[PDB]
């Protein structure tokens, strides 16, 4: 149940809490304190989903939807059926995600590698907090958060967009979408380039770093380099949400009109009006 090269890496150490007590594996999975922590919040969360589902109409997993409370309840607590389940499940989700991130730190430390992955994984946790915690706080109600259902969450995104008439004109969104597109393209390019060098076809020889740099210098007149494309990729992916967050938070608390009208700052300058 070990990879051929794995045994030599399976030493004690690198935990943040508990020392030797949780320093072990179940099959391929490292445990650690944050492993135990994660499994607690996951077990609690999935149970509350099951309990909520049992009170609702259906057992169809694609129709299940645990929704936040009506706006009336503000930042207060709500009856379980009427949004309380939603509040409990959000706390378990945060618990599970933060546990998962800190478990990645323990694994990083045991292997003596950089902490870059758990750091990168903080970006989507932040964005979840912007949608479910920071934005609802600034508007004064948990009711502004998105519901936990596979299809119902799309209806929330849809209505949220159309509350600002045309969400495409949101400057934070324009940035976010630009990073999503260039990131998807760059992964294609990076993945394609590596495969092109290691698999040239027809029992021909594997090529070189020099071939990689030459290919892109020929095609676009620049090659960023092998290390730098990995740093760039983390940059492009991360900025999908780091720029997006400002467009989401701005919508309601810092802007109440349609997003097209925002561009009035430019269009309505007196000297060309």
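Take the two forms, find the largest set of C-alpha atoms that superpose within 1.5 Å, and that set is the rigid core. Positions refer to the first chain, counted from 1.
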| query | finding |
| --- | --- |
| Stretch departing more from the displayed form, 59 to 67 or 45 to 53, Cα RMS in 8 other deposited structures of this protein (core fit) | 59 to 67 |
| Residue range whose averaged C-alpha B-factor is higher in the record, 11 to 19 or 255 to 263 | 11 to 19 |
| Given 70 to 78 and 190 to 198, the range whose Cα B-factors average higher in the PDB entry | 70 to 78 |
| Highest recorded Cα temperature factor - choice among 124, 161, 171, 83 | 83 |
| Most elevated Cα B-factor in the entry, residues 233, 247, 57, 225 | 57 |
| Residue 92 CA temperature factor, ranked by third within the chain | middle |
| Entry-reported Cα temperature factor of residue 149, expressed as the chain third it lands in | lowest |
| Chain thirds of CA B-factor: placement of residue 47 | highest |
| Relative C-alpha B-factor of residue 33, binned into the chain's lowest, middle or highest third | highest |
| Cα B factor band for residue 220 (lowest, middle or highest third within the chain) | middle |
